[PDB]
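Participant: The structure file final-v6.json (JSON, C-alpha atoms and all ligand atoms) is provided below.
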```json
[["chain", "number", "residue", "atom", "x", "y", "z"],
["A", 1, "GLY", "CA", 0.00, 0.00, 0.00],
["A", 2, "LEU", "CA", 1.06, 3.61, 0.63],
["A", 3, "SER", "CA", 3.49, 4.67, 3.36],
["A", 4, "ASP", "CA", 2.58, 7.18, 6.06],
["A", 5, "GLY", "CA", 4.67, 9.79, 4.22],
["A", 6, "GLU", "CA", 2.95, 9.04, 0.92],
["A", 7, "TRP", "CA", -0.53, 9.42, 2.46],
["A", 8, "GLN", "CA", 0.60, 12.74, 3.89],
["A", 9, "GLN", "CA", 1.53, 13.94, 0.40],
["A", 10, "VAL", "CA", -1.79, 12.71, -0.98],
["A", 11, "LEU", "CA", -3.78, 14.61, 1.61],
["A", 12, "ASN", "CA", -1.57, 17.73, 1.18],
["A", 13, "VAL", "CA", -2.32, 17.73, -2.57],
["A", 14, "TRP", "CA", -5.96, 17.17, -1.76],
["A", 15, "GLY", "CA", -5.97, 20.46, 0.22],
["A", 16, "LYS", "CA", -5.25, 22.22, -3.09],
["A", 17, "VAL", "CA", -8.30, 20.60, -4.65],
["A", 18, "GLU", "CA", -10.53, 21.47, -1.68],
["A", 19, "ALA", "CA", -9.93, 25.23, -2.07],
["A", 20, "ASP", "CA", -11.91, 25.05, -5.32],
["A", 21, "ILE", "CA", -13.67, 21.66, -5.55],
["A", 22, "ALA", "CA", -16.12, 22.71, -8.27],
["A", 23, "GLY", "CA", -13.38, 24.25, -10.46],
["A", 24, "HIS", "CA", -11.14, 21.19, -10.19],
["A", 25, "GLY", "CA", -14.14, 18.87, -10.75],
["A", 26, "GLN", "CA", -15.31, 20.79, -13.82],
["A", 27, "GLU", "CA", -11.80, 20.70, -15.35],
["A", 28, "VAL", "CA", -11.41, 16.98, -14.58],
["A", 29, "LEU", "CA", -14.66, 16.08, -16.36],
["A", 30, "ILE", "CA", -13.90, 18.39, -19.31],
["A", 31, "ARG", "CA", -10.47, 16.78, -19.72],
["A", 32, "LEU", "CA", -12.11, 13.34, -19.62],
["A", 33, "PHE", "CA", -14.89, 14.16, -22.10],
["A", 34, "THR", "CA", -12.71, 15.99, -24.61],
["A", 35, "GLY", "CA", -9.90, 13.40, -24.47],
["A", 36, "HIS", "CA", -12.33, 10.48, -24.63],
["A", 37, "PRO", "CA", -15.69, 11.45, -26.19],
["A", 38, "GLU", "CA", -17.02, 7.90, -25.70],
["A", 39, "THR", "CA", -17.19, 8.66, -21.93],
["A", 40, "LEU", "CA", -19.62, 11.54, -22.55],
["A", 41, "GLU", "CA", -22.02, 8.93, -24.00],
["A", 42, "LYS", "CA", -22.29, 7.30, -20.56],
["A", 43, "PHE", "CA", -23.97, 10.50, -19.25],
["A", 44, "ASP", "CA", -27.42, 11.03, -20.77],
["A", 45, "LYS", "CA", -27.45, 14.38, -18.95],
["A", 46, "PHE", "CA", -24.25, 15.63, -20.64],
["A", 47, "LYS", "CA", -24.83, 14.24, -24.15],
["A", 48, "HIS", "CA", -26.20, 17.63, -25.28],
["A", 49, "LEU", "CA", -22.79, 19.19, -24.66],
["A", 50, "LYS", "CA", -21.48, 19.43, -28.17],
["A", 51, "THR", "CA", -18.62, 21.89, -27.60],
["A", 52, "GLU", "CA", -16.09, 22.62, -24.86],
["A", 53, "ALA", "CA", -17.65, 26.09, -24.51],
["A", 54, "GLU", "CA", -20.98, 24.46, -23.71],
["A", 55, "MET", "CA", -19.14, 22.19, -21.24],
["A", 56, "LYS", "CA", -17.56, 25.22, -19.51],
["A", 57, "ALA", "CA", -20.94, 27.01, -19.39],
["A", 58, "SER", "CA", -22.76, 24.04, -17.79],
["A", 59, "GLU", "CA", -23.46, 24.63, -14.13],
["A", 60, "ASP", "CA", -24.77, 21.07, -13.91],
["A", 61, "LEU", "CA", -21.39, 19.74, -15.13],
["A", 62, "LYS", "CA", -19.72, 21.69, -12.32],
["A", 63, "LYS", "CA", -22.25, 20.28, -9.85],
["A", 64, "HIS", "CA", -21.40, 16.74, -10.94],
["A", 65, "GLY", "CA", -17.63, 17.42, -10.73],
["A", 66, "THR", "CA", -18.31, 18.48, -7.13],
["A", 67, "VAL", "CA", -20.16, 15.23, -6.43],
["A", 68, "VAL", "CA", -17.36, 13.20, -8.02],
["A", 69, "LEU", "CA", -14.41, 14.84, -6.27],
["A", 70, "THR", "CA", -16.26, 14.96, -2.91],
["A", 71, "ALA", "CA", -16.71, 11.18, -3.12],
["A", 72, "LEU", "CA", -13.06, 10.61, -4.09],
["A", 73, "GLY", "CA", -11.86, 12.92, -1.26],
["A", 74, "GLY", "CA", -13.89, 10.96, 1.31],
["A", 75, "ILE", "CA", -12.28, 7.79, 0.01],
["A", 76, "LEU", "CA", -8.74, 9.23, 0.02],
["A", 77, "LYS", "CA", -9.09, 10.45, 3.63],
["A", 78, "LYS", "CA", -9.59, 6.81, 4.64],
["A", 79, "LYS", "CA", -6.00, 6.05, 3.63],
["A", 80, "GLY", "CA", -6.85, 2.68, 2.09],
["A", 81, "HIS", "CA", -9.40, 1.63, 4.73],
["A", 82, "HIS", "CA", -12.22, 2.38, 2.29],
["A", 83, "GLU", "CA", -14.16, -0.87, 1.74],
["A", 84, "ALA", "CA", -17.52, 0.60, 2.92],
["A", 85, "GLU", "CA", -17.08, 3.77, 0.83],
["A", 86, "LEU", "CA", -15.79, 2.00, -2.25],
["A", 87, "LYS", "CA", -18.16, -1.02, -2.53],
["A", 88, "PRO", "CA", -21.36, 0.94, -3.46],
["A", 89, "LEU", "CA", -19.46, 3.05, -6.04],
["A", 90, "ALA", "CA", -18.03, -0.09, -7.58],
["A", 91, "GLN", "CA", -21.46, -1.66, -7.68],
["A", 92, "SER", "CA", -23.27, 1.41, -9.15],
["A", 93, "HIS", "CA", -20.58, 2.04, -11.75],
["A", 94, "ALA", "CA", -20.51, -1.60, -12.91],
["A", 95, "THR", "CA", -24.22, -2.53, -12.66],
["A", 96, "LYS", "CA", -26.03, 0.78, -13.30],
["A", 97, "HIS", "CA", -23.73, 3.16, -15.15],
["A", 98, "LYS", "CA", -21.84, 0.42, -17.03],
["A", 99, "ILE", "CA", -18.44, 2.12, -16.72],
["A", 100, "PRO", "CA", -15.46, 0.05, -17.94],
["A", 101, "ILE", "CA", -12.38, 0.12, -15.67],
["A", 102, "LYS", "CA", -10.56, 1.75, -18.63],
["A", 103, "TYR", "CA", -12.72, 4.85, -18.03],
["A", 104, "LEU", "CA", -11.49, 5.00, -14.40],
["A", 105, "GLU", "CA", -7.94, 4.90, -15.75],
["A", 106, "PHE", "CA", -8.88, 7.84, -18.01],
["A", 107, "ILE", "CA", -10.31, 9.93, -15.14],
["A", 108, "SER", "CA", -7.27, 9.09, -12.94],
["A", 109, "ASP", "CA", -4.99, 10.41, -15.71],
["A", 110, "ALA", "CA", -7.24, 13.48, -16.04],
["A", 111, "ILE", "CA", -6.85, 14.28, -12.29],
["A", 112, "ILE", "CA", -3.00, 14.18, -12.62],
["A", 113, "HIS", "CA", -3.17, 16.42, -15.67],
["A", 114, "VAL", "CA", -5.51, 18.95, -14.03],
["A", 115, "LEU", "CA", -3.30, 19.13, -10.94],
["A", 116, "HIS", "CA", -0.30, 20.07, -13.07],
["A", 117, "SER", "CA", -2.38, 22.49, -15.14],
["A", 118, "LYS", "CA", -3.84, 24.34, -12.15],
["A", 119, "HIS", "CA", -0.66, 24.11, -10.03],
["A", 120, "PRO", "CA", 2.28, 24.30, -12.48],
["A", 121, "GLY", "CA", 5.56, 23.92, -10.60],
["A", 122, "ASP", "CA", 3.66, 23.27, -7.33],
["A", 123, "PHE", "CA", 2.91, 19.56, -7.85],
["A", 124, "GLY", "CA", 6.29, 17.97, -7.19],
["A", 125, "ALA", "CA", 7.69, 14.62, -8.29],
["A", 126, "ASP", "CA", 7.08, 13.10, -4.84],
["A", 127, "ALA", "CA", 3.50, 14.41, -4.79],
["A", 128, "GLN", "CA", 2.75, 13.01, -8.27],
["A", 129, "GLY", "CA", 4.13, 9.61, -7.22],
["A", 130, "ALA", "CA", 1.98, 9.54, -4.10],
["A", 131, "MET", "CA", -1.25, 10.72, -5.78],
["A", 132, "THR", "CA", -0.66, 8.23, -8.62],
["A", 133, "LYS", "CA", -0.27, 5.38, -6.10],
["A", 134, "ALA", "CA", -3.48, 6.38, -4.30],
["A", 135, "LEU", "CA", -5.50, 6.53, -7.53],
["A", 136, "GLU", "CA", -4.10, 3.13, -8.56],
["A", 137, "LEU", "CA", -5.15, 1.65, -5.22],
["A", 138, "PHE", "CA", -8.65, 3.09, -5.73],
["A", 139, "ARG", "CA", -8.81, 1.64, -9.26],
["A", 140, "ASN", "CA", -7.38, -1.71, -8.20],
["A", 141, "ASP", "CA", -9.92, -2.13, -5.40],
["A", 142, "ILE", "CA", -12.80, -1.22, -7.77],
["A", 143, "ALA", "CA", -11.38, -3.70, -10.31],
["A", 144, "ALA", "CA", -11.55, -6.48, -7.70],
["A", 145, "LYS", "CA", -15.28, -5.76, -7.19],
["A", 146, "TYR", "CA", -15.74, -5.64, -10.99],
["A", 147, "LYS", "CA", -14.19, -9.11, -11.22],
["A", 148, "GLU", "CA", -16.59, -10.43, -8.53],
["A", 149, "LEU", "CA", -19.52, -9.12, -10.58],
["A", 150, "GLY", "CA", -18.08, -10.45, -13.86],
["A", 151, "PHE", "CA", -18.21, -6.95, -15.25],
["A", 152, "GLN", "CA", -16.19, -5.89, -18.25],
["A", 153, "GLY", "CA", -18.16, -3.20, -20.13],
["B", 201, "LIG", "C1", -12.98, 9.22, -9.45],
["B", 201, "LIG", "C2", -13.78, 8.28, -10.00],
["B", 201, "LIG", "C3", -15.30, 8.45, -9.89],
["B", 201, "LIG", "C4", -15.99, 8.77, -8.79],
["B", 201, "LIG", "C5", -15.47, 9.03, -7.34],
["B", 201, "LIG", "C6", -17.40, 8.78, -9.15],
["B", 201, "LIG", "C7", -18.43, 9.11, -8.28],
["B", 201, "LIG", "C8", -19.76, 9.16, -8.59],
["B", 201, "LIG", "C9", -20.85, 9.42, -7.68],
["B", 201, "LIG", "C10", -20.64, 9.71, -6.18],
["B", 201, "LIG", "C11", -22.00, 9.37, -8.36],
["B", 201, "LIG", "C12", -23.45, 9.55, -7.84],
["B", 201, "LIG", "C13", -23.84, 8.28, -7.04],
["B", 201, "LIG", "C14", -23.81, 6.99, -7.84],
["B", 201, "LIG", "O1", -24.56, 6.89, -8.86],
["B", 201, "LIG", "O2", -23.08, 6.04, -7.42],
["B", 201, "LIG", "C15", -21.67, 9.04, -9.73],
["B", 201, "LIG", "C16", -22.59, 8.92, -10.74],
["B", 201, "LIG", "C17", -22.31, 8.64, -12.05],
["B", 201, "LIG", "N1", -21.05, 8.31, -12.54],
["B", 201, "LIG", "FE1", -19.31, 8.42, -11.53],
["B", 201, "LIG", "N2", -17.51, 8.49, -10.50],
["B", 201, "LIG", "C18", -16.23, 8.28, -10.98],
["B", 201, "LIG", "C19", -15.93, 7.96, -12.29],
["B", 201, "LIG", "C20", -16.83, 7.90, -13.35],
["B", 201, "LIG", "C21", -16.49, 7.76, -14.75],
["B", 201, "LIG", "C22", -15.04, 7.72, -15.27],
["B", 201, "LIG", "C23", -17.65, 7.72, -15.47],
["B", 201, "LIG", "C24", -17.90, 7.60, -17.00],
["B", 201, "LIG", "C25", -16.90, 7.68, -17.85],
["B", 201, "LIG", "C26", -18.74, 7.79, -14.48],
["B", 201, "LIG", "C27", -20.10, 7.76, -14.74],
["B", 201, "LIG", "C28", -21.12, 8.09, -13.91],
["B", 201, "LIG", "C29", -22.47, 8.26, -14.36],
["B", 201, "LIG", "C30", -23.01, 8.13, -15.80],
["B", 201, "LIG", "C31", -23.28, 8.64, -13.13],
["B", 201, "LIG", "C32", -24.78, 8.97, -13.07],
["B", 201, "LIG", "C33", -24.82, 10.43, -13.53],
["B", 201, "LIG", "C34", -26.22, 10.98, -13.50],
["B", 201, "LIG", "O3", -26.67, 11.50, -12.45],
["B", 201, "LIG", "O4", -26.89, 10.90, -14.57],
["B", 201, "LIG", "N3", -18.20, 7.89, -13.23],
["B", 201, "LIG", "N4", -20.31, 8.92, -9.83],
["B", 202, "O", "O", -19.08, 10.28, -12.27]]
```
Taking this structure as input, can you express it in the form of structure tokens?
Ligand code: HEM
Ligand SMILES: [O-]
Facilitator:
Amino acid sequence: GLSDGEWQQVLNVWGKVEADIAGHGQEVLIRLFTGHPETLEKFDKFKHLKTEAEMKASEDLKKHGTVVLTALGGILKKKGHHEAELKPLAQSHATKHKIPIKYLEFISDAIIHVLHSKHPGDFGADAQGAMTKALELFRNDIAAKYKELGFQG
């Protein structure tokens, strides 16, 4: 898992996100949808967003980015002890939303990108390593639940 030091870096980075949760969440989803338009198709409520300008102008997209990063933050603050928090998300994303684990890889990559973009020169090599490890742990634990359920997508 992650060391004590590594969790400290994760939660330090997370403080940056928390100062503007909606702004970070918006930019994460925009990066996901523009880089991987197939992901937009999983959201009936964002399918009407035909341009990045429309995406930026959508208050509902910001609202969802808030929901998404708030959930992730709750999970990260558990420092790996997140079975209760993670299980329902795994189950809704596999059985209801039909989200392949590839799409979680995409959003993980989008979070790293957004952190650099919003905090250029203030997201150090150690911090990137730690955040990357935490997102991998999150994805790996979801993947285990996906395997239980026989879900591929
Ligand atoms: C950091 C990873 C993610 C987190 C923490 C997360 C969290 C959430 C939460 C808390 C909800 C609302 C409750 C629920 O339905 O379980 C939700 C809904 C949803 N999620 Fe995610 N999600 C993540 C990644 C993704 C990805 C990558 C996609 C698609 C590419 C996706 C698709 C959806 C959809 C389609 C909904 C329902 C949206 C609606 O209200 O119409 N999720 N997610
Ligand atoms: O989501």
Participant: Have a look at CA of residue 21 (chain A) and atom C7 of ligand LIG 201 (chain B) and let me know their distance in Å, one decimal.
Facilitator: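 Separating CA of residue 21 (chain A) from atom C7 of ligand LIG 201 (chain B) is a distance of 13.7 Å.
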Participant: So, with all atoms listed in the file as the atoms that count, which of A:67, A:89, A:16, A:5 lies closest to residue 116 (chain A)?
Facilitator: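 For residue 116 (chain A), the nearest of the given residues is A:16.
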Participant: Name all residues at most 12 Å from residue 1 (chain A) (count all atoms listed in the file; drop same-chain ones fewer than 6 positions away) and give them as number ranges by chain.
Facilitator: A: 7, 79-81, 130, 132-138, 140-141
Participant: How would the residues just picked look written out with C-alpha atoms as a PDB file, in the frame of the given file?
Facilitator:
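Everything below was put into part-v3.pdb:
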```
ATOM      1  CA  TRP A   7      -0.530   9.420   2.460  1.00  0.00           C
ATOM      2  CA  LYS A  79      -6.000   6.050   3.630  1.00  0.00           C
ATOM      3  CA  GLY A  80      -6.850   2.680   2.090  1.00  0.00           C
ATOM      4  CA  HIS A  81      -9.400   1.630   4.730  1.00  0.00           C
ATOM      5  CA  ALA A 130       1.980   9.540  -4.100  1.00  0.00           C
ATOM      6  CA  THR A 132      -0.660   8.230  -8.620  1.00  0.00           C
ATOM      7  CA  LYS A 133      -0.270   5.380  -6.100  1.00  0.00           C
ATOM      8  CA  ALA A 134      -3.480   6.380  -4.300  1.00  0.00           C
ATOM      9  CA  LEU A 135      -5.500   6.530  -7.530  1.00  0.00           C
ATOM     10  CA  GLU A 136      -4.100   3.130  -8.560  1.00  0.00           C
ATOM     11  CA  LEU A 137      -5.150   1.650  -5.220  1.00  0.00           C
ATOM     12  CA  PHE A 138      -8.650   3.090  -5.730  1.00  0.00           C
ATOM     13  CA  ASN A 140      -7.380  -1.710  -8.200  1.00  0.00           C
ATOM     14  CA  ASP A 141      -9.920  -2.130  -5.400  1.00  0.00           C
TER      15      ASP A 141
END
```
Participant: Excluding region 145-148 of chain A and its own-chain neighbours fewer than 2 positions away, which residues fall within 12 Å of it when counting all atoms listed in the file? Please give them as a ChimeraX atom specification.
Facilitator: /A:83,86-95,98-102,104,138-143,150-153
Participant: Neighbourhood query: residues within 9 Å of (-11.2, 10.5, -5.7), file coordinates, counting all atoms listed in the file; return as JSON, numbers by chain.
Facilitator: {"A": [68, 69, 70, 71, 72, 73, 74, 75, 76, 108, 111, 134, 135, 138]}
Participant: In Å, how far is it from CA of residue 44 (chain A) to CA of residue 85 (chain A)?
Facilitator: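 Between CA of residue 44 (chain A) and CA of residue 85 (chain A) the gap works out to 25.0 Å.
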Participant: Find the distance between CA of residue 23 (chain A) and CA of residue 63 (chain A) and write it in Å to one decimal.
Facilitator: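 The value is 9.7 Å.
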Participant: Residues within 10 Å of residue 28 (chain A), please, as a PyMOL selection string. Count all atoms listed in the file; anything in the same chain fewer than 6 positions from it doesn't count.
Facilitator: chain A and resi 22+62+65+68-69+107-115
Participant: Under the rule that only C-alpha atoms are counted, which of A:15, A:25, A:37, A:129 is the nearest residue to residue 59 (chain A)?
Facilitator: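 Among the listed residues, A:25 lies closest to residue 59 (chain A).
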Participant: Ranking A:20, A:77, A:27, A:42 by minimum distance to ligand LIG 201 (chain B) and counting all atoms listed in the file, which one comes first?
Facilitator: A:42
Participant: Padding of 8 Å on every side, edges along x, y and z, all listed atoms of region 84-97 of chain A included: what centre and edge lengths in Å, to one decimal, does that box have, as lines of an AutoDock Vina configuration file?
Facilitator:
```
center_x = -20.9
center_y = 0.6
center_z = -6.1
size_x = 26.2
size_y = 22.3
size_z = 34.1
```
Participant: Using only C-alpha atoms, determine which residues lie at most 8 Å from residue 39 (chain A), disregarding the query and same-chain residues fewer than 6 positions distant; provide the list as a list in words.
Facilitator: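 Listed by chain and then number, they are residues 32, 33 and 103 of chain A.
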